[PDB]
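Input: a single structure, listed below in structure tokens.
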Amino acid sequence: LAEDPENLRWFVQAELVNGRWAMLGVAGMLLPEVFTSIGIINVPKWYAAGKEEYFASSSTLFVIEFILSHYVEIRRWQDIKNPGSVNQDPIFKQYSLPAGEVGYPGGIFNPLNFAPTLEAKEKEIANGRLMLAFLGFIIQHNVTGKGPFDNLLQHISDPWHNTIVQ
Amino acid sequence: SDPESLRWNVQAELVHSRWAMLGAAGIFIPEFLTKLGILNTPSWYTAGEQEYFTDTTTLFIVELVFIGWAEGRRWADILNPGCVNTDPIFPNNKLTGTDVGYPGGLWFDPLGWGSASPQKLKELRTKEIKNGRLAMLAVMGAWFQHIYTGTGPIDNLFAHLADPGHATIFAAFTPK
Amino acid sequence: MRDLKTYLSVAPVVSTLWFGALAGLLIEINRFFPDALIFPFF
Amino acid sequence: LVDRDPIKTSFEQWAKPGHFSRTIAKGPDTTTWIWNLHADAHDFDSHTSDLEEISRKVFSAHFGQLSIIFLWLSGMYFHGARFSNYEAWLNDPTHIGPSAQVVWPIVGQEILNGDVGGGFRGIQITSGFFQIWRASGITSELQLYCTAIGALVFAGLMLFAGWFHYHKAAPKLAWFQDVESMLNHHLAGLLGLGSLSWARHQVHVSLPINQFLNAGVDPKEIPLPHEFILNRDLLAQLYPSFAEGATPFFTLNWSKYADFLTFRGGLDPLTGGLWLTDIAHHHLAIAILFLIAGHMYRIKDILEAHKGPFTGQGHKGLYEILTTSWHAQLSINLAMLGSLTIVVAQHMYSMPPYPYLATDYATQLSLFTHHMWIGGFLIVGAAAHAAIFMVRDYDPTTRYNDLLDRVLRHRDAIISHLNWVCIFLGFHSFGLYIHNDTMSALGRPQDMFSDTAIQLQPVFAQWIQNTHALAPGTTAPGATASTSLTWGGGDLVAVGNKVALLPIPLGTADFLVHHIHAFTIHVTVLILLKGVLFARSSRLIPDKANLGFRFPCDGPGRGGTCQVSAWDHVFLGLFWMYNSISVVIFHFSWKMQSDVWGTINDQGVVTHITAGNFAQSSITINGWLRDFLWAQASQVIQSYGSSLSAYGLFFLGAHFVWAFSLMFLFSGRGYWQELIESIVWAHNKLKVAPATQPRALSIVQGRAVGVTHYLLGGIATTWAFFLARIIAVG
Amino acid sequence: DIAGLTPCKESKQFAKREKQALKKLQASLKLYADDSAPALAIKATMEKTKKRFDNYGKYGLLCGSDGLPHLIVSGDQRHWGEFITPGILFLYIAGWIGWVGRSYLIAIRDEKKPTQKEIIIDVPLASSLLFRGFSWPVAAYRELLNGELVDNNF
Amino acid sequence: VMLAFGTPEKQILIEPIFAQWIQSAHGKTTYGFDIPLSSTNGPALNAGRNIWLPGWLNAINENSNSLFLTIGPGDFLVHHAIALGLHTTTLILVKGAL
Ligand code: CLA
Ligand code: CLA
Ligand SMILES: CC1=C(/C=C/C(C)=C/C=C/C(C)=C/C=C/C=C(C)/C=C/C=C(C)/C=C/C2=C(C)CCCC2(C)C)C(C)(C)CCC1
Ligand SMILES: CC1=C(/C=C/C(C)=C/C=C\C(C)=C\C=C\C=C(C)/C=C/C=C(C)/C=C/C2=C(C)CCCC2(C)C)C(C)(C)CCC1
Ligand SMILES: CCCCCCCCCCCCO[C@H]1O[C@H](CO)[C@@H](O[C@H]2O[C@H](CO)[C@@H](O)[C@H](O)[C@H]2O)[C@H](O)[C@H]1O
Ligand SMILES: CCCCCCCCCCCCO[C@H]1O[C@H](CO)[C@@H](O[C@H]2O[C@H](CO)[C@@H](O)[C@H](O)[C@H]2O)[C@H](O)[C@H]1O
Ligand SMILES: CC1=C(C/C=C(\C)CCC[C@H](C)CCC[C@@H](C)CCCC(C)C)C(=O)c2ccccc2C1=O
């Protein structure tokens, strides 16, 4: 019987988690970029480490890291239903305990607050979308080629290309 | 006993009509001033000098971005404030309706007398040619078909045919 | 001329300008790719 | 109603919830009404008590149709011009195998379109223009493209005369309900002034422009386009400028002539249409009559006159009404219009009237079965609408005490007979066949009924057929052969691939089909006759006319009390007629190919599409699927991957649609309700149904969706079965 | 690979199908368009089914016997998008037929009487509602399970 | 529609696994597979073998009189149209009853 604007703790959290991981992902590229250096999916096996052991399959490195990742991840689902994180930085974020205004249900637009400091992460929000939908682009453009820019005496024009196969 | 048009998007239909016709304005004077070609004569090289061309389509995206923003934002506000929901003033949303869109926010507002207006004084200039332009364009755009079709040469396509005696064009004139 | 929270009406079978057409533009995808039975992607 | 009455709204009503019978569509929502209203969009109980307009509406609806035919057939005549087949065929006829129509190639489509032609891919046609057509002499594709727009002219105008009625402020009573002239005019100068006018453009122009086509040329090597007036040198051949007669009459001399005419009898050789020259004379000799005839007259006068002792007082003022029933003066008509269409269906196949038909087999049997289903689809109607009379149309009683009031007087009587008639037939009219099976499967031919076995012995020959050709003992003069070539006496000789036309001699095994027709024609009519007669009140219900000719059925009591009514007599009477015609068709082609449709070969040894298999083998009613359905139809179920293929590819659907009808025909009604809710439930859980109360079919709608499907199913099945066994061998 | 014999790369039986059939539809020696501008077996209808070729794509594609293709659709080898690729597609499209079914419906029942709005249709296709359907991410897939249509609405 | 369109190709037929698969478990024998973790032997059954299933319930593939005949796209339809039978037949009996 209750009309609108339900959502709550809800999935404001989901997006922001997308923004924060999108930003990190982009950093995972980032890397070559000035010394053109290394490229693309790479499928790397990541940084290395330096060799005595491997040849390297060496087991499933991910499967393991990821079992651990997995009870950090629960910790967060927990918090979100009923909350405890000492910093308390997504759920509201810091400046913490309030967000009371969300906690008892029903806000409808609300902007929000955070940190003992100030400048309300509305500036992290942006730096954060761009990185959302930046993967979007980045992932899209593979299918074809690695690299962007720098110079024209020839490069900018996009004089001849592949298409999609049909 | 007669249809009822009156139709009611409508007043909009007339402002749509201004877009079409004022825009229709660009065409005539410039192409035709045409350079009264021309003293003589016209060369592009320059940009496109040899850069693998200039526009093709890419020219069309820029054309549109520049525009999208404008055509888009736009009618979005020729006007329209209030902007929600339940029941009718009819414009068709009408939301702006009673509230202009704002009591007390700002100067949304332009000018004296709790109003939008530039004010009373002028139909003058621009109802007669600008709408006369509704007319103008149509016949002169109707003139464009007249001016190319018949394609002198190149293409008959699919004939049951049965012309020639002679070609069609524009330079101007008419013969006859 | 139509803003926010539903608009103007329409007749009994504008479905006959919806079966014919829309749907019609689809033969228009079934000759652009004159064929299917699986499909490449984009 | 009142959105807003009278005087003071131009303003139209679109909206506020809309109309019929006074607890008008509720407000509150339903489905059925969307099915109501297409149905019984005109009945005329409702709109007004008083006939007032309606005659002022039915003139307009008529205009719409006349246009529409016109929209049609401009289309057709188009199609016919600019997808030509025709120019090509006509130099070429009897080679060609003709199309107007082509697909475009999208997806599968185009298996369909397979070389027809003077060298183009086609869908082969079996309605013939290209034969209506032969007549135009002048020729060429862009005209027919004028005859075409000449069509779209008549239309827009013969469609703005329908604006120029009802909608325009428009007419009143006297104009129909003073009849006094109307046939006077109609039959006189149109019936007349067409056939007349048709004469003038049926020797002027057509005769000459196929008088020297029946040789070859590349047309226009023959005919200039206007060519044909003040001029005429050309008439000179095909005869004289009357040279010195005067306005017919006599003080005339022929030592050798008599004006164009000169009657034909028999068929052209090398175009076996029949002579293009009795075609002027006959139409001329028509019109006159009509020209004289439509000159009666003003009425009761003649009808009120003769009476007899059985005979009917009623005959007199046999209807002040008639002028204003309508529903009755349509019902009468349909019987005639309808019964006057399938009389076409004979005179056609046993006397072609267009150049190149018979040789053209498939392009005049399609015909003889299309024209055949109308001279039937319009007859059961011609009963329905009498039932619509018999129940309602006049406010009040004052028809009184006649001829009708007479017929009804007996009624458990006229239909008391007719009944036994049918069981006498049926037993003499079908179990007759079943003898054969039961005894040829027992197997003892000595005693079958075979044309050989039970003795008439080997002649059909003399009844009428043999007196009919043999014709000139007579006050008869004329013409080397017959009125119809088929009749027994005369001729080998007709046509150039092929046989067109030959005696057809019957015997038995034409004897007993001819009788199943009787019994089929008869029990059809029983149900319609007893249906329309017992229209209003019955021994089972008296309170019987009270809503309806429609009502579903009165109610579970009286034992049954279901079918009754007369929508339903015109529901179970269609059901038969679908046979009546469906088995008459089955008759003609099995004959016309088992015998007649032919080939000629050196020394003329005739080779019938089937060497008369009919002989001893239709008489067995399995032979009717041994020799028919399983024999022919092998072309339907072989037809895949071809050009016609759309038949084999229909023949499954529509041979499906039929076997979907039974579901609509054979089932309850609060059933699909009882079901429709389980549905409606599941619907509400997700929140997705209630609004516009979804409802099952309206008892009699369910019957409407029987029947109608049972027919467009069971029918096009053969429309496919056919076009698939004349295209290709035959 | 899984029983029906293997793809394009070889399916003789399949090859024989390519050839006879179409190639004969050819085998009307001519029928004449030596210039002539219209009749199109000639060009494509064959060639559009024909420049089907040792290529088709490639597509794998199983070809039973008589070398007509059979579709396994297992999650293997080549074949995955002969059901899922065009499967989720069917799902996504439908459901955004009826997500808006449960929409230019749950928007009325309301105000001053709404007894048959439905047979005329302000705005057509709802439209407004329409795009809700592509702008479902998740959409019903959580909201149907929680709140709105909610067990109580159940 | 496809056929008699004269493209037979571009027919849609599923060669319908689910049965063929039952009847690997049993067998044999048509052209192998391993089927990961049977493999056409290695893992044989091992717990069971020469006792029980012997030569019996081994016609294998066997056109003449196998027991099991070798199922394809023709059978992935009738088998879905016997299934549309007892379902419809029972929505009406289930209903009829309820
Ligand atoms: C010259 C006469 C002609 C005329 C002018 C009329 C006029 C009339 N008839 Mg009528 N009728 C006729 C011939 C005619 N009939 C014939 C030949 C028959 C015998 C079949 C009938 C049997 C008949 C019945 C049983 C009824 C009428 C009724 C009526 C009245 C209702 C009209 C209506 O709502 O349309 C009705 C038309 C529709 C609702 C359209 C549906 C058509 C469907 C069945 C399609 C047909 C199949 C076709 C292949 C489908 C198209 C192709 C598709 C597959 C794509 C009206 C006064 C009705 C009445 O109650 O009297 C007041 C009554 O229902 N008629
Ligand atoms: C509700 C179901 C309907 C019914 C009554 C049946 C019944 C049958 N199928 Mg079957 N099938 C169906 C739908 C159905 N199927 C669908 C939609 C597919 C995919 C096209 C299949 C694919 C299939 C194969 C390959 C085979 C069968 C077979 C069979 C028969 C043997 C037992 C079996 O394998 O069940 C099949 C059971 C299922 C497929 C479980 C799902 C049941 C439906 C109700 C859930 C709907 C899921 C949805 C449509 C797909 C998910 C989306 C997508 C992303 C995957 C049996 C008569 C076998 C057989 O003996 O053929 C001769 C075997 O060959 N089926
Ligand atoms: C005054 C005048 C006049 C008049 C003129 C006119 C106007 C005329 C006409 C003419 C006409 C007026 C004609 C008509 C004709 C008609 C017809 C010829 C009919 C038809 C039809 C059809 C063809 C149809 C058919 C069909 C059928 C069979 C049925 C149904 C189907 C269909 C439709 C197909 C005159 C001349 C003296 C001159 C002087 C002045
Ligand atoms: C999946 C789906 C579907 C389905 C489809 C199908 C499955 C179908 C079918 C169908 C069938 C399975 C059958 C049908 C048939 C039809 C018909 C058939 C129609 C019509 C007709 C006509 C047009 C006719 C005409 C005629 C005349 C003139 C008279 C008589 C004769 C004839 C009949 C010839 C669709 C896509 C739809 C939708 C979506 C989903
Ligand atoms: C959350 C649960 C689901 C919600 C669905 C139920 C909706 C509630 C329905 C309203 C119940 C009856 O309410 C009813 O009383 C009102 C006042 O007493 C009346 O209201 C009327 O009288 C007023 C007097 O000035 C006028 O200003 C109002 O315009 C007029 O509507 C109406 O007759 C009706 O609105
Ligand atoms: C089908 C069962 C036969 C029962 C009916 C037989 C009785 C009549 C005899 C045969 C009927 C066919 O009639 C046919 O006779 C001859 C075949 O021999 C052919 O005879 C034709 O061919 C020759 C060419 O100059 C000449 O012999 C004739 O002058 C000519 O009429 C004809 O094409 C046709 O007129
Ligand atoms: C099967 C059957 C039904 C059930 C048949 C029904 C309910 C047919 C009505 C179905 C309608 C035509 C579906 C209409 C829905 C669509 C038109 C709406 C969406 C619009 C589209 C764009 C798809 C009866 O109601 C019935 C009544 C009396 C005697 C026999 C029978 C009978 O045999």
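Positions of Cβ are generated from backbone atoms using ideal geometry, with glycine treated the same way; all protein chains shown enter the neighbour counts. Laboratory data are not the source of any read-out in this text; all were calculated from the coordinates shown.
As I understand it, the dipole of the protein assembly as shown uses +1 on the Cβ of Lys and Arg and -1 on the Cβ of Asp and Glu, about the Cα centre. Which of D:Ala691, E:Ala3, B:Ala167 lies farthest toward its positive end? The residue sitting most towards the positive pole is D:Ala691.
Counting only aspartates and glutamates at least 8 places from A:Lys93 when in the same chain, those with an alpha carbon closer than 15 Å to its own are A:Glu15, A:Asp79, A:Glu101, A:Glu119, A:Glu122, A:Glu124. Shape call for the range D:594-650 from the C-alpha gyration tensor, a ≥ b ≥ c root eigenvalues: rounded (a/c under 1.5), prolate (a/b greater than b/c) or oblate? The shape class here is oblate.
Compute the Cα gyration tensor for the range A:82-122, then decide on rounded, prolate or oblate, letting a ≥ b ≥ c be the square roots of its eigenvalues: rounded whenever a/c is under 1.5, prolate when a/b is larger than b/c in the other cases, and oblate in all that remain. Since a/c reaches 1.5 but b/c is at least a/b, the shape of the range A:82-122 is classed as oblate. What the phi angles of the range E:89-102 give under the Karplus curve with 6.51, -1.76 and 1.60, with θ = phi - 60°, is a coupling list of 3, 4, 4, 3, 5, 4, x, 9, 8, x, 4, 8, x, 6 Hz, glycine and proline written as x.
The charge dipole of the protein assembly as shown, taken about its Cα centre with unit charges on the Cβ atoms of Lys, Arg (+1), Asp and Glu (-1) only, comes to about 1320 debye. Electrostatic tally near B:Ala25: other residues with Cβ closer than 13 Å to its Cβ, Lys and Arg +1, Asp and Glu -1, net +2.
Can you tell me the alpha carbon radius of gyration of chain F divided by the globular rule-of-thumb value 2.2 N^0.38 Å?
Here the answer is 1.53, to two decimals.
Loop-located GluC sites (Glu not before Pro) in the range A:22-121 (DSSP state not H, G, I, E or B) with no more than 12 neighbouring Cβ atoms inside 10 Å: A:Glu33, A:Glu52, A:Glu53, A:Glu119. Diffusion of chain B by Stokes-Einstein, at 25 °C in a medium of 0.890 mPa s and with Rh set to the Kirkwood radius over alpha-carbon pairs, works out to 111 µm²/s. Derived scalar couplings between HN and Hα for the range D:706-720 equal x, 6, 3, 5, 3, 8, 5, x, x, 7, 4, 2, 7, 2, 7 Hz in order, rounded to whole Hz, by the Karplus curve 6.51 cos²θ - 1.76 cosθ + 1.60 (θ = phi - 60°), x for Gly and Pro. With contacts taken as Cα pairs under 8 Å at a separation of at least 6 residues, the range A:68-117 carries a relative contact order of 29 percent. Sequentially through the range A:85-93, phi angles give Karplus couplings (6.51, -1.76, 1.60; θ = phi - 60°) of 10, 3, 4, 6, 8, x, 4, 7, 5 Hz, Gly and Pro residues having no value and appearing as x. Mean per-residue shielding of peptide B:84-93 is 3, counting Cβ atoms of other chains within 10 Å of each Cβ. Taking 26 Å as the straight-line reach from the Cα of E:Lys113, the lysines in range (excluding those fewer than 8 positions away in the same chain) are B:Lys94, C:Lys5, D:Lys16, D:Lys26, D:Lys685, D:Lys687. Within the shell defined by Cβ-Cβ distances under 12 Å, the residues around D:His683 carry a net charge of +2, with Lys and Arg each +1 and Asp and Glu each -1. Close amide-amide hydrogen proximity is noted between D:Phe460 and D:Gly507, each under 5 Å apart and 5 or more residues distant or on a separate chain (H modeled in the peptide plane; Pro and chain starts excluded).
With a cap of 16 neighbouring Cβ atoms within 10 Å, and only residues DSSP puts in a loop, list the trypsin sites (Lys or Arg not before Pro) found in the range F:15-98. Mind showing how you got there, number by number?
Details: sites: F:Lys28, F:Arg49, F:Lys95; in loops: F:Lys28, F:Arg49.
Here the trypsin sites (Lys or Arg not before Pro) that fit, given the DSSP loop and packing criteria, are F:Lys28, F:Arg49.
Under a 5 Å amide H to amide H cut-off, with H placed in plane at 1.01 Å, what residues pair with D:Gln101 once short-range neighbours are removed? Those lying under 5 Å, H to H, from D:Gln101 are D:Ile123.
When only Cα pairs below 8 angstrom with a gap of at least 6 residues are kept, chain A shows a relative contact order of 36 percent. Along each principal axis, taking the top coordinate minus the bottom one, the Cα set of the range A:1-75 gives 65, 33, 16 Å in descending order.
One compactness figure for chain E is 1.74, namely its Cα radius of gyration divided by 2.2 N^0.38 Å. All C-alpha pair distances within the protein assembly as shown, sorted into 10 Å bins from zero, spread as 1, 5, 9, 13, 16, 17, 14, 10, 7, 4, 2, 1, 0, 0 percent across the bins.
Taking the Cα centroid of the range E:70-136 and of the range D:502-565, what is the distance between the two, rounded to the nearest whole Å? Spelled out, the Cα-based centre of one part sits 51 Å from the other. Once each part is reduced to its C-alpha centroid, what is the distance from the range B:1-33 to the range B:161-176 in angstrom? Cα centroid to Cα centroid, the span is 31 Å. Unpaired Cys in the protein assembly as shown, meaning no second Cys C-beta under 4.7 Å: B:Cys83, D:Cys146, D:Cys422, E:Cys8, E:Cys63. Each Cα pair under 8 Å and six or more residues apart adds its sequence gap; the mean of these over the residue count of chain E is a relative contact order of 23 percent. A crude spin-label estimate for the pair D:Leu662 and C:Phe42, with each label 7 Å from Cα along the Cβ direction, gives 4.9 nm.
Listed by chain and number, the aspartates and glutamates whose C-alpha is less than 12 Å from the C-alpha of E:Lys50, apart from same-chain residues fewer than 8 away, are E:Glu18, F:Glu9.
Centroid-to-centroid, using Cα positions, the range D:672-730 and the range D:164-191 are 42 Å apart. Working note: Cα gyration tensor of chain D, eigenvalues times five, square-rooted, sorted largest first, giving semi-axes of 46, 36, 31 Å.
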